[PDB]
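> Chains as they are written, first to last, in this note's numbering: chain C, 1 to 275; chain U, 1 to 240; chain W, 1 to 98; chain G, 1 to 10; chain R, 1 to 189. Idealized CB from N, CA, C, for every residue including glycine.
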Amino acid sequence: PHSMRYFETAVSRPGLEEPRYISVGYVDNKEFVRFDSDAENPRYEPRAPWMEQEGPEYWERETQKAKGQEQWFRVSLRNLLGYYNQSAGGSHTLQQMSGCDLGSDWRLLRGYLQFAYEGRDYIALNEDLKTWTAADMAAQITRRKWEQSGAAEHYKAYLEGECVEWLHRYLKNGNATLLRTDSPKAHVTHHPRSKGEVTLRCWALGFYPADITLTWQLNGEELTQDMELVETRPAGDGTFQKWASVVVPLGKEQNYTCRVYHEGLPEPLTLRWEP
Amino acid sequence: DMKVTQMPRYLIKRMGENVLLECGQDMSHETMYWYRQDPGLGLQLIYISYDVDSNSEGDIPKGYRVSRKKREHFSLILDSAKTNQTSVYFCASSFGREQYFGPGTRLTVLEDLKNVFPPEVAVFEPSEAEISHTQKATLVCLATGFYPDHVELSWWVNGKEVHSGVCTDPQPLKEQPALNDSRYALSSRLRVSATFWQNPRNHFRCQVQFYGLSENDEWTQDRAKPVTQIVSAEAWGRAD
Amino acid sequence: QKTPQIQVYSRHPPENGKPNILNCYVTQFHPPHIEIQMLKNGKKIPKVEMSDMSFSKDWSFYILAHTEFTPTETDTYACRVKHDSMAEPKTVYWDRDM
Amino acid sequence: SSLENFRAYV
Amino acid sequence: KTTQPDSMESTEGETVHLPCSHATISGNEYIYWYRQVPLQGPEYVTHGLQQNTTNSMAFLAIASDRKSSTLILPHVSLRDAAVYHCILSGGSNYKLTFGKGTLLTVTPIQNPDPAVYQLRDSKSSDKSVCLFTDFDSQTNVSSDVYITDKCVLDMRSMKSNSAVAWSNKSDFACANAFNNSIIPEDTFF
């Protein structure tokens, strides 16, 4: 339920010599901070409204840690070239996800730490925060290194300690934004294709967050083994939108129902085709 | 397996000159260090290279600059040498665990090379008494008058280097504490079963290598230029 | 490498004659570096903003490309993505019904 | 506050 | 940072304890122990975060809830004499600052047996040299005289202590150093 994440990305680029580091931090699936090297004056910016209050002694704090990460990836990126015998001066990507999950009780539930290289998985910190999982043979090099160097301890001390301690604080303020939501505004549309056949598309606009569900049905019976559904798309206004469709014989429109399920809704939205 | 080495182990140079100390690992550790420690204090960090052209200051950056063009190497530069920059320098490397230090380079920055001297050396035969009192015989070497303390004293029996039953002074003592540039002295003992020294076939040689000046070192003085050399002193066994 | 799943659409229902926003939502693509273009009748639309780079739990990247437009029963808009994983630009034409 | 990776690189 | 006692006495066999008070610890920071024998450069001994690590050589014991720690050195030998440093190294930082640690001296054993012998150089000349030997555990050594600190040598066969002295003056012999002071007074001319 209550989780904090940090997605990091370092991307090598042709001739540029220096990679582009981008650190994005999430709180309950909601971005609240972001760092980017390319920026005019590279540093952490508050991506959320409730972060504006944080003192400068915190922004000069993070950016200094970000600058530190940036170099770590820079070095780690050169090491990989060796492992895979990739040549220098080229585009390669190294990503990292890390954060902590909390249960109903605001004690730590699970810790997260995993690296990826070139899209693929590389090495990950297991659920016990003691051992490592190595994807390909190269990662077994990194693991052996991190084993004999006692790397796990450092990450566990964070996930459990500092990580959690700060998520609480981010929830002492976030619990005034990540609670309010916008509701869907569904409406079926009628489109004709092929002789004696029409597609009925059930739209749903203006909802937040993106998590939602659309259902078609025949005479009341659940239908999904035949429907066409498109992934949730961002409206671009802070809200999202989605729709599903069905192909049905002409003159049989009113037979179908379209129920819409969303968080910020008191009760499912049953819809039908109008004149 | 885990060795770190530094060339010019000993080095003397005149004030104002360009000093260049080197250090290699041949294990391609990402990060390397330059430390110095004077007989007085302890280790202070000069520079730390995280990787090639990534170098950061440290504690005593003033007076030094560094160059990391390969992981394996890491050179320390003194543009204008200074008298007080006459410390001992340690190079190091790490991959994430602990740091792996080198052997140390002894750099003496002299204001005037006329203070430099090779060591006069002599061996002393065992006391007739000790051989009948404790049944053993102790030889004593004495490296006298030399500067600076760039000396390594060794024992050689019949041609073989011997660390068995050998003891050498840790700190060379000053023959005149008052003077600021006090000239040095050193000693070492070699204890051997009395029966052994009673044979005039054995060869006892006390060797002490000096690390002084070299080629490019210009020298005007009338006394032979005090360059790196191996002053020695010998002594044959006595059955008398 | 993963081929970019493209989806062209509008923010508000297409009212041909009334202002709106055309969106180009690219997802499930890798590597990050991607070239996206907005088109009208076969020409590059200028002034086209883009969402800041960000990826999901499966390492795949996603980004939104939007620009102001006004739909007509003649103006056929489209989105064109050039990515490392494709032989050449992927053109996806607009469809008001979808 | 974000994570500050372990000194040991990849 | 850390803090350690300047000195620390010990003897050939005794198991040594080396304190290291270190409150105000980030918990994100480890604790390392380096040993630096005179002449040589610092070399690694052991480290730990919590619990109680250990090596083939020494035992590291971190106090409960940090704030302090202790290094244990089992049946120590002479070669285990040096200056042991206790540094705090952040898990995300390669920098570690050395203090001056703890100078550990390790006294051997074997019964003393003062003697003091006089020797001449093989090139039989005028220069003479006095040799003070076997003054186990007795610091002193209090003009133009030259006296070196006690040098402990471990004869591989059968212990053994010694020190050298001279004064250039080819005339005299043990004239100053050793003068109605310590020792049985009965030397050997």
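1) Classify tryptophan 33(R): buried if its beta carbon has 16 or more other beta carbons within 10 angstroms, exposed otherwise.
2) Is it right to say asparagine 16(W) is buried, meaning 16 or more other beta carbons lie within 10 angstroms of its own, or is it exposed?
3) At the 8 Å Cβ level, is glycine 165(U) part of the contact set with chain G, yes or no?
4) In the segment 175-239 of chain U, which residue ranges form an unbroken beta strand (DSSP E) of at least 3 residues, counting only runs that do not cross its ends?
5) Go ahead and pull the three-state DSSP assignment for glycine 68(C).
6) Is it right to say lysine 136(U) is buried, meaning 16 or more other beta carbons lie within 10 angstroms of its own, or is it exposed?
7) What residue ranges within the segment 105-137 of chain U form continuous beta strand (DSSP E) runs of no fewer than 3 residues, ordered along the chain?
8) Comparing C-alpha positions only, which one of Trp166(R), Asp154(R), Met158(R), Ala165(R) sits nearest to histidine 163(U)?
9) Specify, as a first and last residue, the run of the beta strand (DSSP E) that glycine 174(C) falls within.
10) At the level of alpha carbons, what is the spacing between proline 126(U) and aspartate 186(R)?
11) Taking only beta carbons into account, state which residues of the segment 87-121 of chain R come closer than 9 Å to chain U, listed in chain order.
12) Using a C-beta cutoff of 8 Å, does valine 140(U) count as contacting chain R?
13) Take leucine 77(C) and list the residues in its own chain whose beta-carbon comes closer than 8 Å to its own, dropping the five residues that flank it on each side.
14) Spell out whether any CB of chain G is found under 8 Å from the CB atom of residue 306(U).
15) Check the C-beta distance from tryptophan 243(C) over to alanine 210(C) and give it rounded, since I have them as a contact under 8 Å.
16) Closer than 8 Å, Cβ to any Cβ of chain R: which residues of the segment 156-187 of chain C, in chain order?
17) With residue 227(R) as the anchor, note down where its beta strand (DSSP E) starts and where it stops.
18) Assuming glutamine 71(C) contacts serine 54(U) (C-beta within less than 8 Å), just tell me the rounded distance between them.
19) Hey, is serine 127(U)'s beta-carbon within less than 8 Å of any beta-carbon in chain R?
20) What are the boundary residues of the beta strand (DSSP E) that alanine 65(W) is part of?
21) Where does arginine 180(C) land, buried or exposed, given buried means 16+ other C-beta within 10 angstroms?
22) Taking any Cβ of chain U, which residues in the segment 136-152 of chain C have a Cβ under 9 Å from it, in chain order?
23) Looking at the structure shown, is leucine 77(C) part of a helix, part of a strand, or coil, going by DSSP?
24) Any beta-carbon of chain U closer than 8 Å to the one on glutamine 71(C)?
25) Compute the distance between the beta-carbons of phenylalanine 95(U) and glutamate 30(U), then report whether it is under 8 Å.
26) Which of the three DSSP states is assigned to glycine 24(U) in this structure?
27) Residues in its own chain within less than 7 Å of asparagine 158(U) by CB, not counting five upstream and five downstream?
28) For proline 32(W) and chain C, any beta-carbon pair shorter than 8 Å?
29) Is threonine 133(C) close to chain W? Criterion is C-beta to C-beta, closer than 8 Å.
30) Cβ of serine 60(W) within 8 Å of Cβ of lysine 18(W)?
31) At a Cβ cut of 8 Å, what residues of the segment 49-78 of chain C count as close to chain U, listed as they run along the chain?
32) For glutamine 44(U), which beta-bridge partners are listed by DSSP?
33) Any beta-carbon of chain W closer than 8 Å to the one on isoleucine 212(C)?
34) Run through chain G and tell me which residues come within less than 7 Å of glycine 25(C), C-beta to C-beta.
35) Taking only beta-carbon atoms, is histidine 150(U) less than 8 Å away from chain R?
36) Which residues in the same chain as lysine 130(C) place their Cβ atom closer than 6 Å to its Cβ, once the five residues preceding and following it in sequence are excluded?
On the basis of the coordinates in this document:
1) As a working note, residue 33(R) is residue 33 in the fifth sequence. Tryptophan 33(R) is buried by the Cβ-count criterion.
2) As a position in the third sequence, residue 16(W) is number 16, starting the count at 1. Exposed is the call here.
3) Within the second sequence, the letter at position 165 stands for residue 165(U). No, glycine 165(U) lies away from the interface with chain G (no Cβ there is under 8 Å from its Cβ).
4) 184-193, 203-210, 229-236
5) Residue mapping note: residue 68(C) aligns to position 68 of the first sequence, counting from 1. Here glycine 68(C) sits in helix by DSSP.
6) In the second sequence, residue 136(U) corresponds to position 136, counting from 1. It counts as buried.
7) 105-110, 120-124
8) Indexing the second sequence from 1 puts residue 163(U) at position 163. Closest option to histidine 163(U), Cα to Cα, is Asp154(R).
9) The residue given as residue 174(C) occupies position 174 in the first sequence. Looking at the DSSP string, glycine 174(C) is not in any beta strand (DSSP E); the run it does join, the alpha helix (DSSP H), is 164-174.
10) Here residue 126(U) refers to the residue found at position 126 when the second sequence is read from its first residue. Here residue 186(R) refers to the residue found at position 186 when the fifth sequence is read from its first residue. Rounded to whole angstroms, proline 126(U) to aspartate 186(R) spans 19 Å at the Cα level.
11) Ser89, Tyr94, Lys95, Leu96, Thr97, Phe98, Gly99, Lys100, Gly101, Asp113, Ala115, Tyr117, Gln118, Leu119, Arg120, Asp121
12) Within the second sequence, numbered from 1, the residue matching residue 140(U) stands at position 140. Output row for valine 140(U): interface = yes.
13) Here the question's residue 77(C) lines up with position 77 in the first sequence. Correct list, in chain order: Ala10, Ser12, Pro19, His92, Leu94.
14) Because chain U is modelled from 1 through 240, residue 306(U) falls outside the range shown and cannot be assessed.
15) In the first sequence, counting from the first residue as 1, residue 243(C) sits at position 243. In the first sequence, counting from the first residue as 1, residue 210(C) sits at position 210. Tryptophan 243(C) to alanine 210(C), Cβ: 14 Å. No contact.
16) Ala157, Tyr158, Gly161, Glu162
17) The displayed coordinates of chain R run from 1 to 189. Any statement about residue 227(R) would go beyond what the structure contains.
18) As a working note, residue 71(C) is residue 71 in the first sequence. As a working note, residue 54(U) is residue 54 in the second sequence. That belief holds up - the Cβ atoms of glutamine 71(C) and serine 54(U) are roughly 7 Å apart, short of 8 Å.
19) Here residue 127(U) refers to the residue found at position 127 of the second sequence. It does: the Cβ of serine 127(U) has a partner Cβ on chain R nearer than 8 Å.
20) Translated into positions along the third sequence, residue 65(W) becomes position 65. Segment 61-69, the beta strand (DSSP E) holding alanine 65(W).
21) Counted from its first residue, the first sequence places residue 180(C) at position 180. Under this definition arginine 180(C) is an exposed residue.
22) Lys145, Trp146, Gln148, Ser149, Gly150, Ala151
23) Looking up residue 77(C) in the first sequence gives position 77. DSSP places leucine 77(C) in helix when its eight states are reduced to three.
24) By 1-based counting over the first sequence, the position of residue 71(C) is 71. Chain U contact via Cβ: present.
25) By 1-based counting over the second sequence, the position of residue 95(U) is 95. By 1-based counting over the second sequence, the position of residue 30(U) is 30. Yes, they are a contact pair.
26) Residue numbering aside, residue 24(U) sits at position 24 when the second sequence is read from its first letter. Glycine 24(U) falls in the strand class under three-state DSSP.
27) Working through the second sequence from its first residue, we reach residue 158(U) at position 158. Excluding sequence neighbours, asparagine 158(U) sits near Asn202, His203.
28) For the purposes of this step, residue 32(W) is identified with residue 32 of the third sequence, where counting begins at 1. Yes, contact with chain C.
29) Indexing the first sequence from 1 puts residue 133(C) at position 133. Not closer than 8 Å to any Cβ of chain W, the Cβ of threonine 133(C) fails to qualify, so no.
30) Residue 60(W) sits at position 60 when you count from the first residue of the third sequence. Residue 18(W) sits at position 18 when you count from the first residue of the third sequence. For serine 60(W) and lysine 18(W), no; Cβs fall outside 8 Å.
31) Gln71, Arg74, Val75, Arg78
32) Within the second sequence, numbered from 1, the residue matching residue 44(U) stands at position 44. BP columns for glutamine 44(U) point to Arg36(U).
33) Counted from its first residue, the first sequence places residue 212(C) at position 212. Output row for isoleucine 212(C): interface = no.
34) Within the first sequence, the letter at position 25 stands for residue 25(C). Those are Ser2, listed as they occur along chain G.
35) For the purposes of this step, residue 150(U) is taken as residue 150 along the second sequence, with counting starting at 1. So, not an interface residue.
36) Mapped onto the first sequence, residue 130(C) falls at position 130. Around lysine 130(C): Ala152.
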